[PDB]
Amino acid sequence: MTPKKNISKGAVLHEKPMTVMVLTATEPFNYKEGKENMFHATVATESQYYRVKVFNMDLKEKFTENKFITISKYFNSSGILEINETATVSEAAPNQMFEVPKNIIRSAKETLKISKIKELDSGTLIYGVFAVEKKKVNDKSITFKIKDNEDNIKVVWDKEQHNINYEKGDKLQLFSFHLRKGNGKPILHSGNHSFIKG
């Protein structure tokens, strides 16, 4: 349970070595005061793409775009790969490299429509780029209203005493926001590793 530090629960250990190609990665950022920084990344095999959360800062150099890395002892939290100090992350061997299908790359950088987001299971982590229609700011949280051409949903953010400086008509890129579906209009909500980046 110390190999599983900073790892979301339910996450499954994968000793099975898998080589991926790095599509993108964010700048390292503080997600919890007193904790090591983390960054978000998007990777891809031939078959499909994965969203990745990395909690070992000693790996930032490794996570460069268009690079191929072989990972092992990584975790799987409901389709999301979580990498910590337990994992082995090395530069890939050439024979393990591959060509990533175009449709997979684009499906990785594609942003779902809000109306189709709303149909995903509650608890699903939501990534995407959305236009901002409306903003409400108070002391507990900031509530954005993001819009499509067809639909709008509310993205409420409670955690980092409002470091963010985005307003109406701007474009927000979201990371690891929780889709909450209950008795009422579904919302997107900030979680532990949730990250905004306009």
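In this text, residue numbers run from 1 along the sequence as written.
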Higher avg CA temperature factor (159-167 vs 54-62, as deposited) belongs to 159-167
Quick note on 136-144 and 37-45: per-entry mean CA temperature factor is higher in 136-144
Per the entry's Cα B factor values, which of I83, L112, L125, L120 stands out as the maximum? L112
If you check the C-alpha B-factor for each of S77, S107, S72, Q96 in the entry, which is highest? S107
Assigned third (lowest, middle, highest) for the C-alpha B factor of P17: highest
For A87, the third of its chain into which the C-alpha B factor falls: lowest
When the deposited Cα B-factors of this chain's modelled residues are ordered and cut into thirds, is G191 in the lowest, the middle or the highest one? middle
Taking only the Cα B-factors deposited for this chain, tell me whether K9 sits in the lowest, middle or highest third. highest
